[PDB]
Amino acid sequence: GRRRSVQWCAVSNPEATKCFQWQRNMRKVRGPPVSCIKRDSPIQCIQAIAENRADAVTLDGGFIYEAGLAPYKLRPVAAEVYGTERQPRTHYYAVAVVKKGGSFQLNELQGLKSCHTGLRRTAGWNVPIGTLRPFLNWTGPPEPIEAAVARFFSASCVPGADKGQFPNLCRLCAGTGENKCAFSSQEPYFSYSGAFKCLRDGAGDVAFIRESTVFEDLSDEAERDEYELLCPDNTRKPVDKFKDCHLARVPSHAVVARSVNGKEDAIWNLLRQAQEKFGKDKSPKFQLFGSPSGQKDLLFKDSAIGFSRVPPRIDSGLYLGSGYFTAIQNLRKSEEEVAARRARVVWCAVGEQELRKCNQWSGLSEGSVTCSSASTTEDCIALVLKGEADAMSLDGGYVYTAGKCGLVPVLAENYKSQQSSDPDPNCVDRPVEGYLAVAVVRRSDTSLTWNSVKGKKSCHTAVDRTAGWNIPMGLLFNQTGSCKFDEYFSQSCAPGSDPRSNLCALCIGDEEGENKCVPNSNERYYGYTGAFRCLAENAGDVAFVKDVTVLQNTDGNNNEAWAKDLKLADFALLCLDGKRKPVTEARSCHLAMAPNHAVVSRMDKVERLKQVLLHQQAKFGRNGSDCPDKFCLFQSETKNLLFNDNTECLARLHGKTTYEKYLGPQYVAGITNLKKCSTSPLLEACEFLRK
């Protein structure tokens, strides 16, 4: 396993030949070993990698999609970089290239002849087709969209299209015989290069390529002046005006490997080196990013400048981006099924118990709300990226991270006013006031104070929640200035921590002693109530929760047996000034103000999410038209499932529609600062995917 020699998969004769020369300058620099396997096509390459007969292959976005699917489940490990040394970029522009003289806009291509890089390819098929869907009058399954494309343009070249079913798609392929319109070099008109040629040769009226092809293939620059682009706003502009004129901005090709025992480091090292020795202009012996006058893009893209390593949290789905990923699956959808999905809100539920309540809510939503699930919040943030889930209510800590992931706050949870209104009929426009983070202890614990909580046992909501962690740990951090957060207290129950750390030391898992230290309600000590249960059961010595938590859980405010007999007066708060106060004085005895939990989504889901959540609260809200004979959206009672049980309503954001503006300057400064002690894999994945 983990390495030795990495078997690359060639898809061509001249790829094997380059793969073989590579094999050789490598051990001849006494570098890491690359051995080569052969096949006729990208999927044979995908099958091989999956049946362990090869380890890697650089695929186009289109095949990364394909490759991620079962029973493959292959992962991008390295992305190619484009542009130049410092203007390096892991993405390109799908453009629509035409010759000057004609005037016909991208809305005027019906009956035109077209040249495609190849079926299933990003700029060549996926985008241009996904872009003109409107005009195609397509019926939807089971009629392949190919049939609709074949009926749109007069004749086309699309390497890989079915000759037989789809005659016209191959029509202008220039290959000879069984080679006519094939997904290989045997076809003069394949890939970015063949497709531009098709255009050049008069064969096609439009070429659906990458933005660099005309610069890579037309030397004299007055030669280049014979083309222009078709902009999406039904315009025409210079081939160099591509940042202002492109169909899409897609992810660069990536090297994919198995995601089980994939030899990811074996692969990274070999790439890391080769790129050193033989990368852009260095060591003539060989050239990793160049192709013998005959061929083009052998094994990798002509003129790539290196590789960029794909952080492990990333999969096909996250690799592709929701926009794109979703776009490939919509090509196998009716414009009905596609509009159904759009109007529908997919909720992400953390753990089983929230799913139950989700199902339940779903059942009563008149199909507006459907449910999704994951075991952690982070996993739930990822399905929203994948466009596979659409929203969840989150604690401010996570709003930061989703935020970095590009999601935006949509509505915030509203709680019992500064004692402003009554069952405030105006709780949709009442600006939020955030909640109070506080440290609680047993009254009994006289001697315990702010100043001497350190090195004792702590109870936390979970790692990365405002009250529960950011605040307590950020304040202490600001003193000692240490990153060894597992040395602040002797033992804790901080769910979502290393089950092996001291920080999980006091977690109890589920009713069966399993699920211990998990960051969901199946851990008995998880969340607000859990953190408090931790204290009241003398597991921990302080509990980091909010004030309302003690109220809500004592004096038959909570009927769980754990909580029954607990009386408010038995607990106290710890002030930053070394004093101690009673739970009623939290307004003057709290660590800080936490921002209200907020519901986050993709920008594309916003207005509709708003509409649905608003409609739906009207019916199962606090004083809810169906609440509570039918369903109380805001109750799980003592569990804060999907929403905090104390939500008066979901209110409007008063213009703070950025994680930054919502969370505020100081708050974000602070998380960042804590984030450097260490970043989550998700934050790592989102940085990578952000540049």
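Sequential numbering from 1, following the sequence displayed.
Of the two segments examined, 297 to 305 and 233 to 241, it is 233 to 241 that shows the higher average Cα temperature factor in the deposited entry. Note on 455 to 463 vs 176 to 184: mean CA B-factor is higher in 176 to 184. Taking only the listed residues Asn557, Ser492, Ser252, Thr376, the entry reports the highest CA temperature factor at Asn557. When the C-alpha B-factors of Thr117, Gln329, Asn137, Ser368 are ranked from the entry, the top spot goes to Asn137. Remark: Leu663 belongs to the middle third of its chain, ranked by C-alpha B-factor as recorded. Residue-level temperature factors show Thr638 in the highest third of its chain, judged at the C-alpha atom. Per the PDB record, residue ranking by Cα B-factor puts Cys627 in the highest third of the chain. In the PDB entry, a CA B factor belonging to the lowest third of its chain's modelled residues is recorded for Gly468. Sort the modelled residues of the chain by CA B factor and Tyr227 lands in the highest third.
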